[PDB]
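The structure appears right after this line, and notes come after that.
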Amino acid sequence: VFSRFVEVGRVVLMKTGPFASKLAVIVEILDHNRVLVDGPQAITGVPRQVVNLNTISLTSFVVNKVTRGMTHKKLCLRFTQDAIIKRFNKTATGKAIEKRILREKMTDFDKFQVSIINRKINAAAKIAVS
Amino acid sequence: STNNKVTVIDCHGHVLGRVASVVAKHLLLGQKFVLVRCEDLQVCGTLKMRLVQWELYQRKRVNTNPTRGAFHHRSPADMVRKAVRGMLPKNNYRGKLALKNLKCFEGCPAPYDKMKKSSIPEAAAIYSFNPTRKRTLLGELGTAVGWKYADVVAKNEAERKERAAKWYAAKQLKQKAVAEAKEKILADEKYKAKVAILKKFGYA
Amino acid sequence: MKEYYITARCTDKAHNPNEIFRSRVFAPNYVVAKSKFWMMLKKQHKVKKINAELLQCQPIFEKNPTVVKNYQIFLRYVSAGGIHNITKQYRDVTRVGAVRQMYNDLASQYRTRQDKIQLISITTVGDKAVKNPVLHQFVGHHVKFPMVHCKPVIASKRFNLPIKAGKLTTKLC
Amino acid sequence: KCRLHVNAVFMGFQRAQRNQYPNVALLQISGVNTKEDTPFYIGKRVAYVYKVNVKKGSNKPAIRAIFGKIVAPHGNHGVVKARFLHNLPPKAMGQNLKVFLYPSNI
Amino acid sequence: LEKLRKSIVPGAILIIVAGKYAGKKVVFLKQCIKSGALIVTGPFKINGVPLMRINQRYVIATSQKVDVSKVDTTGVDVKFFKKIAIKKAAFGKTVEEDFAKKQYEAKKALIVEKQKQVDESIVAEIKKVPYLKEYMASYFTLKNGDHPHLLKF
RNA sequence: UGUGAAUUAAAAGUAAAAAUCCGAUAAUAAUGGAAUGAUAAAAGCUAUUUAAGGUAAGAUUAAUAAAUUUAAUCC
RNA sequence: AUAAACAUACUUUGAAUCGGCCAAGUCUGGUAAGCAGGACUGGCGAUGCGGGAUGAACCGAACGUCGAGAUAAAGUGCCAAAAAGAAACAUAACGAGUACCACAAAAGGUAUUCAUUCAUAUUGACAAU
RNA sequence: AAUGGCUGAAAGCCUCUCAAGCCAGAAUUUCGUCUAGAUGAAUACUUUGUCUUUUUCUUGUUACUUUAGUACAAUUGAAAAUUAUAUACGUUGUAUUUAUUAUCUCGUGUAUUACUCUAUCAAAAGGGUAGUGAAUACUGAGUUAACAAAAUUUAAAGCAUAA
């Protein structure tokens with residue numbers, strides 16, 4: 001049976017546009033193609049808007065007691081109560097999102113040490129195996 | 001520089017025409033392509049529909065001399081070459097040179113069975129097809145029209161899966177050993193100076 | 001598609017200059033909105049541009065472009081056979097947003113170009129007033145479906161490589 | 001010694017369906033998949049370095065070059081326009097062109 | 001006199017991306033006011049890059065900065081660079097083939113070392129930063145996935 | 001018992017921050033180039049003087065105000 | 001109102017020509033014709049260029065020799081320079097695919113999508129038991 | 001193929017399917033068989049073992065002859081299958097060209113390798129065993145660079161002898 005559904009309260013992940021790699025919460029379903037994401041603008045910065053399902057991805061979290069057309073005020077309370085930000089950052093995608101931000105601020109000197117250091121570690125770890 | 005490498009394309013689960021368009025464009029850009037498993041491509045149409053198109057194709061033949069007539073190659077590796085050749089410049093040095101950098105084989109011969117394989121997301125059958133649209137493998141169509149070597153390739157591919165399966169298992173064991181040996185020396189006290197740099201950028 | 005509020009008056013012998021014609025016209029730009037507005041006057045009141053003064057032509061903006069509403073567009077279109085009246089429902093957040101759906105849907109199902117359709121009216125209906133067989137399935141509060149066969153998303157054209165490495169997978173998403 | 005250039009493919013001249021203008025050559029820089037990554041390369045040096053099998057008694061160099069500059073983008077798929085000192089030989093279509101890192105504005 | 005880029009400040013480390021010393025890293029001391037070219041030194045004990053002049057269009061300003069005051073640049077002006085330049089044998093000066101350049105390097109060698117007293121300060125400081133001496137002495141390279149429009153220095 | 005389109009009270013708010021959408025526009029500018037040129041002084045530009053002016057909008061304060069309203073003295 | 005001084009009015013001498021053909025929100029004879037003949041205009045003839053694969057007339061636009069830039073008709077999977085996203089009715093078929101253009105009709109289908117009207121719709125309609 | 005059927009929904013029933021999935025059915029199609037046939041493969045003998053061109057002898061080919069020039073062993077490139085994919089995760093976001101810290105010396109042993117070479121068993125294998133070398137990690141230290149130069153990828157002449 002399918003695990004992740006496009007329902008009301010499902011936490012989605014924007015994959016393109018100005019809010020790429022920012023969390024959002026579905027609060028309405030117009031049809032099979034468009035949903036209304038209101039990933040709390042006071043928390044993540046995603047405005048209440050209609051987006052196509054080709055631009056987002058589902059996650060393993062659903063916010064509890066979210067009704068369709070929930071207001072921004074009450075939605076924010078349920079978002080922090082579930083602690084989605086805390087839970088999301090421990091997932092494989094959550095760590096991949098922070099990795100990309102970490103790498104994009106490296107300098108040429110920063111990349112020099114990592115390539116040198118990791119090469120020795122990998123070589124040494126291969127030696128240690130009989 | 002000079003790109004002497006070969007871009008090996010695994011034609012499994014692709015579309016015949018969509019593969020050719022991407023390959024035939026990049027043959028004109030100096031790249032050398034080898035398309036292994038050109039008998040696993042997919043064409044839109046049931047086996048009944050594909051045979052009608054082949055029957056129409058076989059009709060085109062010079063009336064006064066069939067030896068000069070259009071040559072209808074039944075082998076899937078020659079179906080792909082014909083499809084690619086239709087998307088290349090005709091009757092010029094540029095077109096002929098770009099065609100010399102292309103080869104299919106129905107299976108995976110000795111050099112190209114251990115090279116790194118690529119994929120063409122534009123030509124994948126899971127991105128361009130309705131799942132309920134019936135398709136036809138080139139090998140299955142080739143057997144219907146008179147390609148005799150459909151059983152040699154199926155036998156050769158069978159033993160290539162049994163050789164790779166044991167190589168993959170052996171490689172998995174060594175990788176697990178190296179992975180667990182890296183954790184031990186990542187947590188060593190002497191390597192803290194180096195590791196502290198890696199943790200800063202998230203590598204470790 | 002943008003919505004406009006257009007008014008005008010007729011100043012000649014036939015029409016008294018104290019009755020103002022208002023309209024709410026959906027047009028790509030205000031020049032087309034006046035063009036639609038003048039035709040409705042000439043074809044319904046014998047009022048011509050050369051004997052009329054336009055007063056106001058202002059855009060109308062959605063009050064709450066964050067609330068999902070069910071619309072009901074009453075319209076008439078011309079086919080090969082004759083002229084018919086249709087009532088099609090749409091779900092969107094803006095009045096102009098639903099109208100563009102109607103124009104694109106009519107031109108696909110009925111093959112009817114835009115210069116055959118006259119939008120009589122557009123209102124907002126209840127949740128149970130929707131009768132479209134497909135659109136009725138998403139009006140409930142407990143709608144839920146898994147989007148299968150997802151194509152993996154690319155952040156931007158920056159990473160759009162022609163040839164990739166390895167294998168390709170869809171997503172249960 | 002080191003790699004200080006990015007290979008670009010000399011696809012062909014600026015052309016139409018039945019015409020051709022060899023003054024401007026189109027290049028496909030590696031890793032530039034869109035026209036928004038082009039502003040970095042507008043102005044960078046570009047060289048077509050080829051090899052000539054000279055005879056022993058000839059004093060001409062065995063490695064010659066034609067240089068040029070990237071001047072503007074061409075389409076939405078990160079294709080650039082390059083103008084050289086001398087128009088590139090049409091025998092060099094599909095070959096590699098060194099895209100340097102200077103004039104540097106970094 | 002050219003207007004140098006805001007990223008190019010004295011003591012910063014630059015990457016030479018053109019010319020004879022392509023791919024090397026140097027330290028920018030100051031700008032030759034009489035010619036507008038930068039006066040850099042990739043300290044000779046580290047990179048082997050001597051004291052020279054390079055136009056600012058052939059260098060990339062990295063974020064790594066060696067600073068270093070008291071560099072003692074009392075000489076090293078337009079006189080010094082014109083003194084150590086190797087000039088041709090004119091036109092009417094007999095024939096003087098081959099040997100002219102070989103002797104020139106020998107006689108100008110001594111003054112070249114004399115002005116390398118500048119490097120005595122940066123060399124000591126460079127060793128303070130871990131992995132920096134290895135970084136300076138090594139050629140700059142563009143590896144796989146190193147797209148110049150994405151790199152930042 | 002919960003959500004709630006809309007409306008209402010109080011706090012805050014002189015009602016120009018930033019982001020996205022929607023409308024509106026495109027040109028003044030800054031930084032890199034390209035094609036054809038030029039090289040010398042300027043109805044150049046800069047500094048010092050007095051002072052036509054600054055029509056929402058050069059600033060502030062006052063009277064008051066759904067104001068491109070009226071004054072004052074500073075720049 | 002608008003435009004017009006290399007404007008306007010001409011005078012003299014003379015060349016070539018009076019086989020024409022095409023298009024159409026036009027017509028007459030004809031079953032019709034790439035047939036015959038007309039009204040108004042624009043073309044081809046006398047005319048190359050970009051596009052329609054190719055084409056006297058179609059579409060854009062009319063040409064001294066060139067450099068750079070926006071454009072026109074029209075295009076953007078490959079030949080072929082140039083696109084990404086959205087919604088649909090299509091597509092189990094030599095079906096669909098760039099006007100003039102190089103073809104298809106009447107009729108039929110418990111095939112399919114949408115809309116209108118009517119009746120049955122429950123405390124129980126239809127199908128089956 | 002036409003056609004006749006099976007299970008079976010849509011449409012609680014019915015139905016061979018303008019549905020998925022099957023069967024039977026032609027002087028039919030394709031294998032099999034016959035004729036011509038391109039690129040090819042195996043074996044026998046003659047050679048050669050980094051390479052080419054211009055000449056040149058011969059009926060012709062190969063080896064062969066002369067004068068040069070050129071490189072000299074040692075990190076490259078593989079899971080398979082599915083995609084409504086057992087559950088979980090969604091591991092996000094740049095394929096090839098193109099991922100090595102300048103050169104040399106000094107150093108100690110151990111370990112490792114789809115590394116090179118030798119011997120052997122095998123083998124149309126990124127094979128096993130034994131040894132050697134190379135590179136790397138433990139892991140250092142020291143010399144040199146300033147001007148100049150850092151390139152093959154092939155040229156030119158012959159016929160003694162053998163097949």
So which strands (runs of 3 or more DSSP E) stay within chain D end to end and still have 3 or more residues that are closer than 30 Å to E:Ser7 by Cα? D:6-15, D:45-51, D:63-73, D:79-84, D:96-99
Among E:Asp119, E:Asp72, E:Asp67, E:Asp98, which is the only one that is surrounded by 15 or more Cβ atoms within 10 Å (Cβ to Cβ), over 30 Å from D:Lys98 (Cβ atoms) and charged (D, E, K, R)? E:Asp119
It is to be established whether one or more residues within the stretch C:74-93 are within 14 Å of chain A (Cβ to nearest Cβ), surrounded by 12 or more Cβ atoms within 10 Å (Cβ to Cβ), of a type outside the set (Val, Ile, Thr) and within 16 Å of RNA strand F (Cβ to nearest atom). yes
Answer yes or no: is there a residue in the stretch A:60-76 that is assigned to a strand (DSSP E or B), under 12 Å from the mean Cα position of the chain (by Cα) and surrounded by fewer than 21 Cβ atoms within 10 Å (Cβ to Cβ). yes
Flagged pairs (Cβ under 6 angstrom, 6 or more apart or on separate chains; first in the stretch B:177-204, at the interface with chain A (Cβ under 9 Å from one of its Cβ atoms) and more than 14 Å from A:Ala123 (Cβ to Cβ); second among the hydrophobic types (A, V, I, L, M, F, W, C) and not in a helix (DSSP H, G or I)) are B:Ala177/A:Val129; B:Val195/B:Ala204; B:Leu198/B:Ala204
Among the candidates A:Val62, A:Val35, single out the residue that is among the aliphatic types (A, V, I, L, M), more than 14 Å from chain B (Cβ to nearest Cβ) and more than 16 Å from RNA strand H (Cβ to nearest atom). A:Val35
For the stretch C:14-24, give me each residue that is farther than 29 Å from A:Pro47 by Cβ and either assigned to a strand (DSSP E or B) or within 11 Å of RNA strand F (Cβ to nearest atom) (or both). C:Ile20, C:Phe21, C:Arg22, C:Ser23
Keeping to the stretch D:9-31, report how many residues are within 16 Å of RNA strand F (Cβ to nearest atom) and surrounded by 21 or more Cβ atoms within 10 Å (Cβ to Cβ). 3
Considering the stretch C:128-144, residues that are surrounded by 11 or more Cβ atoms within 10 Å (Cβ to Cβ) and away from RNA strand G (no atom under 13 Å from the Cβ), and then whichever is farthest from C:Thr94 (Cα to Cα), we arrive at C:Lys144
Give me the residue from the stretch C:39-68 that is outside any loop (DSSP other than H, G, I, E, B) and under 20 Å from the mean Cα position of the chain (by Cα) and, out of that set, nearest to RNA strand F (Cβ to nearest atom). C:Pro59
Scan the stretch A:9-31 and tell me whether some residue there is over 21 Å from C:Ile154 (Cα atoms), out of contact with any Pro (no Cβ under 7 Å at 6 or more places or on another chain), in a loop (DSSP other than H, G, I, E, B) and within 15 Å of RNA strand G (Cβ to nearest atom). yes
Please find, among B:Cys108, B:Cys104, the residue that is assigned to a strand (DSSP E or B) and away from chain C (no Cβ under 14 Å). B:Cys104
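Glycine also receives a Cβ, built like all others from the backbone with ideal geometry; neighbour counts cover every protein chain displayed. We did not get these values from a lab; they are worked out from the coordinates using the rules stated.
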